[PDB]
$ cat upload-v5.csv   # CSV, N, CA and C atoms
chain,number,residue,atom,x,y,z
G,119,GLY,N,-1.0,53.9,-91.8
G,119,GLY,CA,-2.0,53.1,-92.5
G,119,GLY,C,-3.2,52.9,-91.6
G,120,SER,N,-4.4,53.0,-92.1
G,120,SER,CA,-5.7,52.8,-91.4
G,120,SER,C,-5.7,51.5,-90.6
G,121,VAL,N,-5.5,50.4,-91.2
G,121,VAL,CA,-5.6,49.1,-90.6
G,121,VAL,C,-5.2,48.0,-91.6
G,122,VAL,N,-3.9,47.9,-92.0
G,122,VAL,CA,-3.3,46.9,-92.8
G,122,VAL,C,-2.0,46.5,-92.2
G,123,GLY,N,-1.9,45.1,-92.0
G,123,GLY,CA,-0.6,44.5,-91.6
G,123,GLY,C,0.4,44.5,-92.7
G,124,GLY,N,0.0,44.2,-93.9
G,124,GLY,CA,0.8,44.2,-95.1
G,124,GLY,C,0.1,43.7,-96.4
G,125,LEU,N,-1.2,43.4,-96.4
G,125,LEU,CA,-1.9,42.8,-97.5
G,125,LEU,C,-1.5,43.2,-98.9
G,126,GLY,N,-2.3,44.2,-99.4
G,126,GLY,CA,-2.0,45.0,-100.6
G,126,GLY,C,-1.6,44.2,-101.9
G,127,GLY,N,-1.9,42.9,-102.0
G,127,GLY,CA,-1.4,42.0,-103.1
G,127,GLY,C,-1.2,40.6,-102.6
G,128,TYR,N,-1.1,40.4,-101.3
G,128,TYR,CA,-1.3,39.1,-100.6
G,128,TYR,C,-2.8,38.8,-100.5
G,129,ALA,N,-3.1,37.6,-100.7
G,129,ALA,CA,-4.4,36.9,-100.2
G,129,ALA,C,-4.1,36.6,-98.8
G,130,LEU,N,-4.8,37.2,-97.8
G,130,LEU,CA,-4.6,36.8,-96.4
G,130,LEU,C,-5.5,35.7,-96.1
G,131,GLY,N,-5.2,34.9,-95.0
G,131,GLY,CA,-6.0,33.9,-94.5
G,131,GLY,C,-7.1,34.5,-93.6
G,132,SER,N,-8.0,33.7,-93.1
G,132,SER,CA,-8.8,34.0,-91.9
G,132,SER,C,-7.9,33.9,-90.7
G,133,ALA,N,-8.2,34.7,-89.7
G,133,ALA,CA,-7.7,34.7,-88.4
G,133,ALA,C,-8.3,33.5,-87.7
G,134,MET,N,-7.5,32.4,-87.7
G,134,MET,CA,-7.7,31.0,-87.3
G,134,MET,C,-8.6,30.9,-86.1
G,135,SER,N,-8.1,31.2,-84.9
G,135,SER,CA,-8.7,31.5,-83.6
G,135,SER,C,-8.0,30.9,-82.4
G,136,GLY,N,-7.9,31.7,-81.3
G,136,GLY,CA,-7.3,31.3,-80.0
G,136,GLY,C,-6.1,30.5,-80.1
G,137,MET,N,-5.0,31.0,-80.9
G,137,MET,CA,-3.9,30.1,-81.3
G,137,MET,C,-3.2,29.5,-80.1
G,138,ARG,N,-2.7,28.3,-80.3
G,138,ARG,CA,-1.9,27.5,-79.3
G,138,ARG,C,-0.8,26.7,-80.0
G,139,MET,N,0.0,26.1,-79.3
G,139,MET,CA,1.2,25.3,-79.7
G,139,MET,C,1.7,24.6,-78.4
G,140,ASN,N,2.5,23.5,-78.6
G,140,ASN,CA,3.1,22.8,-77.5
G,140,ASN,C,4.6,23.1,-77.4
G,141,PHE,N,5.3,23.3,-78.5
G,141,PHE,CA,6.7,23.7,-78.7
G,141,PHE,C,7.7,22.7,-78.2
G,142,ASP,N,8.8,22.7,-78.9
G,142,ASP,CA,9.9,21.7,-78.8
G,142,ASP,C,10.9,22.0,-77.7
G,143,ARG,N,11.2,23.2,-77.5
G,143,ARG,CA,11.9,23.7,-76.3
G,143,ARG,C,10.9,24.5,-75.4
G,144,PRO,N,11.3,24.7,-74.1
G,144,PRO,CA,10.4,25.4,-73.2
G,144,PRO,C,10.5,27.0,-73.3
G,145,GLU,N,11.5,27.5,-73.9
G,145,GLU,CA,11.8,28.9,-73.9
G,145,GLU,C,10.7,29.6,-74.7
G,146,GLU,N,10.4,29.2,-75.9
G,146,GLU,CA,9.4,29.7,-76.8
G,146,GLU,C,8.0,29.5,-76.2
G,147,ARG,N,7.8,28.4,-75.5
G,147,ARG,CA,6.5,28.2,-74.8
G,147,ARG,C,6.3,29.2,-73.7
G,148,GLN,N,7.4,29.5,-73.0
G,148,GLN,CA,7.3,30.6,-71.9
G,148,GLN,C,7.0,31.9,-72.6
G,149,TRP,N,7.5,32.2,-73.8
G,149,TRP,CA,7.3,33.4,-74.5
G,149,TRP,C,5.9,33.5,-75.1
G,150,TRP,N,5.4,32.4,-75.6
G,150,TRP,CA,4.0,32.3,-76.0
G,150,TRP,C,3.1,32.6,-74.8
G,151,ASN,N,3.4,32.1,-73.7
G,151,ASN,CA,2.6,32.3,-72.5
G,151,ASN,C,2.8,33.7,-71.9
G,152,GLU,N,4.0,34.3,-72.1
G,152,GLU,CA,4.3,35.7,-71.9
G,152,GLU,C,3.2,36.5,-72.6
G,153,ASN,N,2.9,36.1,-73.8
G,153,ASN,CA,2.0,36.7,-74.7
G,153,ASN,C,2.6,38.1,-75.2
G,154,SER,N,2.0,39.2,-74.8
G,154,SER,CA,2.0,40.6,-75.3
G,154,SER,C,2.1,40.8,-76.8
G,155,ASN,N,3.0,40.2,-77.5
G,155,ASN,CA,3.2,40.2,-78.9
G,155,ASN,C,3.3,38.8,-79.5
G,156,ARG,N,2.3,38.0,-79.0
G,156,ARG,CA,2.0,36.7,-79.6
G,156,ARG,C,1.4,36.8,-81.0
G,157,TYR,N,1.4,38.0,-81.6
G,157,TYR,CA,0.9,38.3,-82.9
G,157,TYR,C,-0.6,37.9,-83.1
G,158,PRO,N,-1.3,38.3,-84.2
G,158,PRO,CA,-2.6,37.9,-84.5
G,158,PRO,C,-2.7,36.4,-84.8
G,159,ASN,N,-3.9,35.9,-85.0
G,159,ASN,CA,-4.1,34.4,-85.3
G,159,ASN,C,-4.1,34.2,-86.8
G,160,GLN,N,-3.3,35.0,-87.6
G,160,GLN,CA,-3.5,35.1,-89.1
G,160,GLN,C,-2.1,35.1,-89.7
G,161,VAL,N,-2.0,34.9,-91.0
G,161,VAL,CA,-0.9,35.0,-91.9
G,161,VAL,C,-1.3,35.6,-93.2
G,162,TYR,N,-0.4,36.0,-94.1
G,162,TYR,CA,-0.6,36.5,-95.4
G,162,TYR,C,0.0,35.5,-96.4
G,163,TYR,N,-0.6,35.2,-97.5
G,163,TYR,CA,-0.1,34.3,-98.5
G,163,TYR,C,-0.1,35.0,-99.9
G,164,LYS,N,0.9,34.7,-100.7
G,164,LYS,CA,0.9,34.9,-102.1
G,164,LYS,C,0.1,33.8,-102.7
G,165,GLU,N,-0.8,34.0,-103.7
G,165,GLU,CA,-1.4,33.0,-104.5
G,165,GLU,C,-0.4,32.6,-105.6
G,166,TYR,N,-0.1,31.4,-105.8
G,166,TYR,CA,0.9,30.9,-106.8
G,166,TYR,C,0.1,30.7,-108.1
G,167,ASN,N,0.9,30.5,-109.2
G,167,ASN,CA,0.5,30.1,-110.5
G,167,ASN,C,0.5,28.5,-110.6
G,168,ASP,N,1.4,27.9,-109.8
G,168,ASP,CA,1.8,26.5,-110.0
G,168,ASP,C,0.6,25.5,-109.7
G,169,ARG,N,-0.3,26.0,-108.8
G,169,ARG,CA,-1.5,25.3,-108.2
G,169,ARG,C,-1.4,23.9,-107.8
G,170,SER,N,-0.3,23.2,-107.9
G,170,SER,CA,0.0,21.9,-107.4
G,170,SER,C,1.2,22.0,-106.5
G,171,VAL,N,1.1,22.3,-105.2
G,171,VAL,CA,2.1,22.4,-104.2
G,171,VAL,C,1.8,21.5,-103.0
G,172,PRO,N,2.8,21.1,-102.2
G,172,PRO,CA,2.7,20.4,-100.9
G,172,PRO,C,2.8,21.5,-99.8
G,173,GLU,N,2.7,21.0,-98.6
G,173,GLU,CA,3.0,21.6,-97.3
G,173,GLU,C,4.4,22.1,-97.2
G,174,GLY,N,5.3,21.9,-98.2
G,174,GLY,CA,6.7,22.3,-98.1
G,174,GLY,C,6.9,23.6,-98.9
G,175,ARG,N,7.0,23.4,-100.2
G,175,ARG,CA,7.2,24.4,-101.2
G,175,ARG,C,6.5,25.7,-100.8
G,176,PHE,N,5.1,25.6,-100.6
G,176,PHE,CA,4.3,26.8,-100.4
G,176,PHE,C,4.5,27.4,-99.1
G,177,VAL,N,4.4,26.6,-98.0
G,177,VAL,CA,4.4,27.1,-96.6
G,177,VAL,C,5.8,27.8,-96.4
G,178,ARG,N,6.9,27.2,-96.9
G,178,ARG,CA,8.2,27.8,-96.7
G,178,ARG,C,8.3,29.3,-97.2
G,179,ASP,N,7.6,29.6,-98.2
G,179,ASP,CA,7.5,31.0,-98.7
G,179,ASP,C,6.5,31.8,-97.9
G,180,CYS,N,5.3,31.2,-97.7
G,180,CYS,CA,4.2,31.8,-96.9
G,180,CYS,C,4.6,32.2,-95.5
G,181,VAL,N,5.5,31.5,-94.9
G,181,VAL,CA,6.1,31.9,-93.6
G,181,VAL,C,7.0,33.1,-93.8
G,182,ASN,N,7.9,33.0,-94.8
G,182,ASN,CA,8.8,34.1,-95.1
G,182,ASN,C,8.0,35.4,-95.4
G,183,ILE,N,6.8,35.3,-96.1
G,183,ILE,CA,5.9,36.4,-96.3
G,183,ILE,C,5.5,37.0,-95.0
G,184,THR,N,5.0,36.2,-94.1
G,184,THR,CA,4.3,36.8,-92.9
G,184,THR,C,5.4,37.3,-91.9
G,185,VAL,N,6.6,36.7,-91.8
G,185,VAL,CA,7.7,37.2,-91.0
G,185,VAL,C,8.3,38.5,-91.6
G,186,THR,N,8.2,38.7,-93.0
G,186,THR,CA,8.5,39.9,-93.6
G,186,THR,C,7.6,41.0,-93.1
G,187,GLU,N,6.3,40.9,-93.3
G,187,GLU,CA,5.3,41.9,-92.9
G,187,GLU,C,5.2,42.1,-91.4
G,188,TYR,N,5.6,41.1,-90.6
G,188,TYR,CA,5.7,41.2,-89.2
G,188,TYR,C,7.0,41.8,-88.7
G,189,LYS,N,8.0,42.0,-89.7
G,189,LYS,CA,9.3,42.5,-89.5
G,189,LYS,C,10.0,41.8,-88.3
G,190,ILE,N,10.4,40.5,-88.6
G,190,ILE,CA,11.0,39.6,-87.6
G,190,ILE,C,12.3,39.1,-88.1
G,191,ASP,N,13.4,39.7,-87.9
G,191,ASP,CA,14.7,39.1,-88.2
G,191,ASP,C,15.8,39.6,-87.2
G,192,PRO,N,16.4,38.6,-86.5
G,192,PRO,CA,17.5,39.0,-85.5
G,192,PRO,C,18.7,39.6,-86.2
G,193,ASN,N,18.8,39.5,-87.6
G,193,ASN,CA,19.9,40.0,-88.4
G,193,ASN,C,19.4,41.2,-89.2
G,194,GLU,N,18.3,41.9,-88.8
G,194,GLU,CA,17.9,43.1,-89.3
G,194,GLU,C,17.5,44.0,-88.2
G,195,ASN,N,16.5,43.5,-87.3
G,195,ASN,CA,15.9,44.3,-86.3
G,195,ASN,C,17.0,44.5,-85.2
G,196,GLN,N,17.8,43.5,-84.9
G,196,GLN,CA,18.8,43.4,-83.8
G,196,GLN,C,18.1,43.4,-82.4
G,197,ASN,N,16.8,43.5,-82.3
G,197,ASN,CA,16.0,43.6,-81.0
G,197,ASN,C,15.2,42.3,-80.8
G,198,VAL,N,15.4,41.3,-81.6
G,198,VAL,CA,14.7,40.0,-81.5
G,198,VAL,C,15.8,38.9,-81.1
G,199,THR,N,15.3,37.8,-80.5
G,199,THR,CA,16.1,36.8,-79.9
G,199,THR,C,15.6,35.4,-80.5
G,200,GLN,N,16.4,34.4,-80.5
G,200,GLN,CA,16.1,33.1,-81.1
G,200,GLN,C,15.1,32.3,-80.3
G,201,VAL,N,14.6,32.8,-79.2
G,201,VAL,CA,13.3,32.4,-78.6
G,201,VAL,C,12.1,32.8,-79.5
G,202,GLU,N,11.9,34.1,-79.7
G,202,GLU,CA,10.8,34.6,-80.4
G,202,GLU,C,10.8,34.2,-81.9
G,203,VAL,N,12.0,34.1,-82.5
G,203,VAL,CA,12.1,33.6,-83.9
G,203,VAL,C,11.4,32.2,-84.0
G,204,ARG,N,11.6,31.4,-83.0
G,204,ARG,CA,11.2,30.0,-83.0
G,204,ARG,C,9.7,29.9,-82.8
G,205,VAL,N,9.1,30.8,-81.9
G,205,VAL,CA,7.7,30.9,-81.8
G,205,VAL,C,7.2,31.3,-83.2
G,206,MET,N,7.5,32.4,-83.7
G,206,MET,CA,7.0,33.0,-84.9
G,206,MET,C,7.3,32.2,-86.2
G,207,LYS,N,8.1,31.2,-86.0
G,207,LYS,CA,8.3,30.2,-87.1
G,207,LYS,C,7.3,29.1,-86.9
G,208,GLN,N,7.4,28.3,-85.8
G,208,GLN,CA,6.6,27.1,-85.5
G,208,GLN,C,5.1,27.4,-85.7
G,209,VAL,N,4.7,28.5,-85.1
G,209,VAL,CA,3.3,29.0,-85.2
G,209,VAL,C,2.9,29.5,-86.6
G,210,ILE,N,3.8,30.2,-87.3
G,210,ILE,CA,3.4,30.7,-88.6
G,210,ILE,C,3.4,29.5,-89.5
G,211,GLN,N,4.4,28.6,-89.5
G,211,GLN,CA,4.2,27.4,-90.3
G,211,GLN,C,2.9,26.7,-90.0
G,212,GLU,N,2.5,26.5,-88.8
G,212,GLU,CA,1.2,25.8,-88.5
G,212,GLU,C,0.0,26.6,-89.0
G,213,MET,N,0.0,27.9,-88.7
G,213,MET,CA,-1.1,28.8,-89.3
G,213,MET,C,-1.0,29.0,-90.8
G,214,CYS,N,0.1,28.7,-91.4
G,214,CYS,CA,0.4,28.7,-92.9
G,214,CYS,C,0.1,27.4,-93.5
G,215,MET,N,0.2,26.3,-92.7
G,215,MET,CA,-0.1,24.9,-93.2
G,215,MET,C,-1.6,24.7,-93.2
G,216,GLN,N,-2.4,25.3,-92.3
G,216,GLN,CA,-3.8,25.3,-92.4
G,216,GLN,C,-4.2,26.1,-93.6
G,217,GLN,N,-3.8,27.3,-93.8
G,217,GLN,CA,-4.2,28.2,-94.9
G,217,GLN,C,-3.6,27.7,-96.2
G,218,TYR,N,-2.5,27.0,-96.3
G,218,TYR,CA,-2.0,26.3,-97.5
G,218,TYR,C,-3.1,25.5,-98.1
G,219,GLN,N,-3.8,24.7,-97.3
G,219,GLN,CA,-4.9,23.9,-97.8
G,219,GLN,C,-5.9,24.7,-98.5
G,220,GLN,N,-6.2,26.0,-98.0
G,220,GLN,CA,-7.2,26.9,-98.6
G,220,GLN,C,-6.7,27.3,-100.0
G,221,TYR,N,-5.4,27.3,-100.3
G,221,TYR,CA,-4.9,27.6,-101.6
G,221,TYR,C,-5.4,26.6,-102.6
G,222,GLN,N,-5.5,25.3,-102.2
G,222,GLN,CA,-6.0,24.2,-103.0
G,222,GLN,C,-7.5,24.3,-103.2
G,223,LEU,N,-8.2,25.1,-102.3
G,223,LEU,CA,-9.7,25.1,-102.2
G,223,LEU,C,-10.2,26.4,-102.9
G,224,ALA,N,-9.5,27.5,-102.8
G,224,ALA,CA,-9.7,28.7,-103.5
G,224,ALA,C,-9.2,28.5,-105.0
G,225,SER,N,-8.1,27.8,-105.1
G,225,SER,CA,-7.5,27.3,-106.4
G,225,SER,C,-7.3,28.4,-107.4
$ encode --input "upload-v5.csv" --output "structure tokens"
Amino acid sequence: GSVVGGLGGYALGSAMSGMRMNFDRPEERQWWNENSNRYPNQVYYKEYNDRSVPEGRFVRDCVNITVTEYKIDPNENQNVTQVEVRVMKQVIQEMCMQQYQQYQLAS
């Protein structure tokens, strides 16, 4: 593919910028600081029909979307560890929680 992470029917967010986090355990912080595959500053979202959702309903699917297109499962890939899962959850929920608000603004 020329330059597509997975869009093709997802409404993607903007690439937020210079992403950060504090993290609840140190392992995932050390991995964030490791960088190399700290991923882009972006996520992909499905636009819903329901148009009245909270930070729960929507984000929980929106994270699942982005981890699908990023191909992150320790029970599929077998080459991922529950440090990187925790990064790419905490961070994708945060970058999905910002863009969740845009779903109410794009409407």
$ select_by_dssp --input "upload-v5.csv" --residues "chain G" --states "alpha helix (DSSP H)" --output "ChimeraX atom specification"
/G:144-152,175-187,200-224
$ closest_residue --input "upload-v5.csv" --among "G:138, G:223, G:210, G:129" --to "residue 177 of chain G" --atoms "all atoms listed in the file"
G:210
$ atom_distance --input "upload-v5.csv" --atom1 "atom CA of residue 225 of chain G" --atom2 "atom CA of residue 137 of chain G"
25.5 Å
$ closest_residue --input "upload-v5.csv" --among "G:180, G:224, G:205, G:214" --to "residue 141 of chain G" --atoms "only C-alpha atoms"
G:205
$ closest_residue --input "upload-v5.csv" --among "G:184, G:171, G:131, G:204" --to "residue 147 of chain G" --atoms "all atoms listed in the file"
G:204
$ closest_residue --input "upload-v5.csv" --among "G:199, G:132, G:151, G:120" --to "residue 217 of chain G" --atoms "all atoms listed in the file"
G:132
$ closest_residue --input "upload-v5.csv" --among "G:155, G:162, G:190, G:200" --to "residue 130 of chain G" --atoms "only N, CA and C atoms"
G:162
$ residues_around --input "upload-v5.csv" --residues "residue 172 of chain G" --least-positions-apart "3" --cutoff "10 Å" --atoms "only C-alpha atoms" --output "VMD selection string"
chain G and resid 169 175 to 177 215 218 to 219 222
$ atom_distance --input "upload-v5.csv" --atom1 "atom CA of residue 213 of chain G" --atom2 "atom C of residue 174 of chain G"
13.5 Å
$ atom_distance --input "upload-v5.csv" --atom1 "atom N of residue 186 of chain G" --atom2 "atom C of residue 125 of chain G"
12.2 Å
$ select_by_dssp --input "upload-v5.csv" --residues "chain G" --states "strand (DSSP E)" --output "list in words"
residues 129, 130, 162 and 163 of chain G
$ residues_around --input "upload-v5.csv" --residues "residue 201 of chain G" --least-positions-apart "4" --cutoff "12 Å" --atoms "only C-alpha atoms" --output "mmCIF file with N, CA and C atoms, keeping the file's coordinate frame"
data_model
loop_
_atom_site.group_PDB
_atom_site.id
_atom_site.type_symbol
_atom_site.label_atom_id
_atom_site.label_comp_id
_atom_site.auth_asym_id
_atom_site.auth_seq_id
_atom_site.Cartn_x
_atom_site.Cartn_y
_atom_site.Cartn_z
ATOM 1 N N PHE G 141 5.300 23.300 -78.500
ATOM 2 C CA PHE G 141 6.700 23.700 -78.700
ATOM 3 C C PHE G 141 7.700 22.700 -78.200
ATOM 4 N N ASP G 142 8.800 22.700 -78.900
ATOM 5 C CA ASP G 142 9.900 21.700 -78.800
ATOM 6 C C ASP G 142 10.900 22.000 -77.700
ATOM 7 N N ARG G 143 11.200 23.200 -77.500
ATOM 8 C CA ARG G 143 11.900 23.700 -76.300
ATOM 9 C C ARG G 143 10.900 24.500 -75.400
ATOM 10 N N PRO G 144 11.300 24.700 -74.100
ATOM 11 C CA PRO G 144 10.400 25.400 -73.200
ATOM 12 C C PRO G 144 10.500 27.000 -73.300
ATOM 13 N N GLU G 145 11.500 27.500 -73.900
ATOM 14 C CA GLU G 145 11.800 28.900 -73.900
ATOM 15 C C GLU G 145 10.700 29.600 -74.700
ATOM 16 N N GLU G 146 10.400 29.200 -75.900
ATOM 17 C CA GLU G 146 9.400 29.700 -76.800
ATOM 18 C C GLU G 146 8.000 29.500 -76.200
ATOM 19 N N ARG G 147 7.800 28.400 -75.500
ATOM 20 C CA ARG G 147 6.500 28.200 -74.800
ATOM 21 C C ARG G 147 6.300 29.200 -73.700
ATOM 22 N N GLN G 148 7.400 29.500 -73.000
ATOM 23 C CA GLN G 148 7.300 30.600 -71.900
ATOM 24 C C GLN G 148 7.000 31.900 -72.600
ATOM 25 N N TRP G 149 7.500 32.200 -73.800
ATOM 26 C CA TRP G 149 7.300 33.400 -74.500
ATOM 27 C C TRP G 149 5.900 33.500 -75.100
ATOM 28 N N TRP G 150 5.400 32.400 -75.600
ATOM 29 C CA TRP G 150 4.000 32.300 -76.000
ATOM 30 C C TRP G 150 3.100 32.600 -74.800
ATOM 31 N N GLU G 152 4.000 34.300 -72.100
ATOM 32 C CA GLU G 152 4.300 35.700 -71.900
ATOM 33 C C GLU G 152 3.200 36.500 -72.600
ATOM 34 N N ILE G 190 10.400 40.500 -88.600
ATOM 35 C CA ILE G 190 11.000 39.600 -87.600
ATOM 36 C C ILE G 190 12.300 39.100 -88.100
ATOM 37 N N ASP G 191 13.400 39.700 -87.900
ATOM 38 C CA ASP G 191 14.700 39.100 -88.200
ATOM 39 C C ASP G 191 15.800 39.600 -87.200
ATOM 40 N N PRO G 192 16.400 38.600 -86.500
ATOM 41 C CA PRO G 192 17.500 39.000 -85.500
ATOM 42 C C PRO G 192 18.700 39.600 -86.200
ATOM 43 N N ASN G 197 16.800 43.500 -82.300
ATOM 44 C CA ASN G 197 16.000 43.600 -81.000
ATOM 45 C C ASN G 197 15.200 42.300 -80.800
ATOM 46 N N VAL G 205 9.100 30.800 -81.900
ATOM 47 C CA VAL G 205 7.700 30.900 -81.800
ATOM 48 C C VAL G 205 7.200 31.300 -83.200
ATOM 49 N N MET G 206 7.500 32.400 -83.700
ATOM 50 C CA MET G 206 7.000 33.000 -84.900
ATOM 51 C C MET G 206 7.300 32.200 -86.200
ATOM 52 N N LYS G 207 8.100 31.200 -86.000
ATOM 53 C CA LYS G 207 8.300 30.200 -87.100
ATOM 54 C C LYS G 207 7.300 29.100 -86.900
ATOM 55 N N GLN G 208 7.400 28.300 -85.800
ATOM 56 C CA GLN G 208 6.600 27.100 -85.500
ATOM 57 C C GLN G 208 5.100 27.400 -85.700
#
$ closest_residue --input "upload-v5.csv" --among "G:188, G:216, G:181, G:209" --to "residue 123 of chain G" --atoms "all atoms listed in the file"
G:188
$ build_atoms --input "upload-v5.csv" --residues "segment 172-184 of chain G" --atoms "N, CA, C and O atoms" --output "PDB file, in the frame of the given file"
ATOM      1  N   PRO G 172       2.800  21.100-102.200  1.00  0.00           N
ATOM      2  CA  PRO G 172       2.700  20.400-100.900  1.00  0.00           C
ATOM      3  C   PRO G 172       2.800  21.500 -99.800  1.00  0.00           C
ATOM      4  O   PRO G 172       3.175  22.617-100.006  1.00  0.00           O
ATOM      5  N   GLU G 173       2.700  21.000 -98.600  1.00  0.00           N
ATOM      6  CA  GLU G 173       3.000  21.600 -97.300  1.00  0.00           C
ATOM      7  C   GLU G 173       4.400  22.100 -97.200  1.00  0.00           C
ATOM      8  O   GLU G 173       4.822  22.651 -96.103  1.00  0.00           O
ATOM      9  N   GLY G 174       5.300  21.900 -98.200  1.00  0.00           N
ATOM     10  CA  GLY G 174       6.700  22.300 -98.100  1.00  0.00           C
ATOM     11  C   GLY G 174       6.900  23.600 -98.900  1.00  0.00           C
ATOM     12  O   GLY G 174       6.878  24.645 -98.286  1.00  0.00           O
ATOM     13  N   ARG G 175       7.000  23.400-100.200  1.00  0.00           N
ATOM     14  CA  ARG G 175       7.200  24.400-101.200  1.00  0.00           C
ATOM     15  C   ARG G 175       6.500  25.700-100.800  1.00  0.00           C
ATOM     16  O   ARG G 175       7.101  26.777-100.673  1.00  0.00           O
ATOM     17  N   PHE G 176       5.100  25.600-100.600  1.00  0.00           N
ATOM     18  CA  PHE G 176       4.300  26.800-100.400  1.00  0.00           C
ATOM     19  C   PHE G 176       4.500  27.400 -99.100  1.00  0.00           C
ATOM     20  O   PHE G 176       4.841  28.599 -98.953  1.00  0.00           O
ATOM     21  N   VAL G 177       4.400  26.600 -98.000  1.00  0.00           N
ATOM     22  CA  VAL G 177       4.400  27.100 -96.600  1.00  0.00           C
ATOM     23  C   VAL G 177       5.800  27.800 -96.400  1.00  0.00           C
ATOM     24  O   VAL G 177       5.810  28.823 -95.762  1.00  0.00           O
ATOM     25  N   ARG G 178       6.900  27.200 -96.900  1.00  0.00           N
ATOM     26  CA  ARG G 178       8.200  27.800 -96.700  1.00  0.00           C
ATOM     27  C   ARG G 178       8.300  29.300 -97.200  1.00  0.00           C
ATOM     28  O   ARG G 178       9.081  30.068 -96.644  1.00  0.00           O
ATOM     29  N   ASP G 179       7.600  29.600 -98.200  1.00  0.00           N
ATOM     30  CA  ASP G 179       7.500  31.000 -98.700  1.00  0.00           C
ATOM     31  C   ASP G 179       6.500  31.800 -97.900  1.00  0.00           C
ATOM     32  O   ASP G 179       6.738  32.882 -97.519  1.00  0.00           O
ATOM     33  N   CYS G 180       5.300  31.200 -97.700  1.00  0.00           N
ATOM     34  CA  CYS G 180       4.200  31.800 -96.900  1.00  0.00           C
ATOM     35  C   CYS G 180       4.600  32.200 -95.500  1.00  0.00           C
ATOM     36  O   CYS G 180       4.205  33.274 -95.039  1.00  0.00           O
ATOM     37  N   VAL G 181       5.500  31.500 -94.900  1.00  0.00           N
ATOM     38  CA  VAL G 181       6.100  31.900 -93.600  1.00  0.00           C
ATOM     39  C   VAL G 181       7.000  33.100 -93.800  1.00  0.00           C
ATOM     40  O   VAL G 181       6.756  34.092 -93.091  1.00  0.00           O
ATOM     41  N   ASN G 182       7.900  33.000 -94.800  1.00  0.00           N
ATOM     42  CA  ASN G 182       8.800  34.100 -95.100  1.00  0.00           C
ATOM     43  C   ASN G 182       8.000  35.400 -95.400  1.00  0.00           C
ATOM     44  O   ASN G 182       8.335  36.468 -94.931  1.00  0.00           O
ATOM     45  N   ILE G 183       6.800  35.300 -96.100  1.00  0.00           N
ATOM     46  CA  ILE G 183       5.900  36.400 -96.300  1.00  0.00           C
ATOM     47  C   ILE G 183       5.500  37.000 -95.000  1.00  0.00           C
ATOM     48  O   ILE G 183       5.674  38.214 -94.764  1.00  0.00           O
ATOM     49  N   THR G 184       5.000  36.200 -94.100  1.00  0.00           N
ATOM     50  CA  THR G 184       4.300  36.800 -92.900  1.00  0.00           C
ATOM     51  C   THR G 184       5.400  37.300 -91.900  1.00  0.00           C
ATOM     52  O   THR G 184       5.241  38.405 -91.392  1.00  0.00           O
TER      53      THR G 184
END
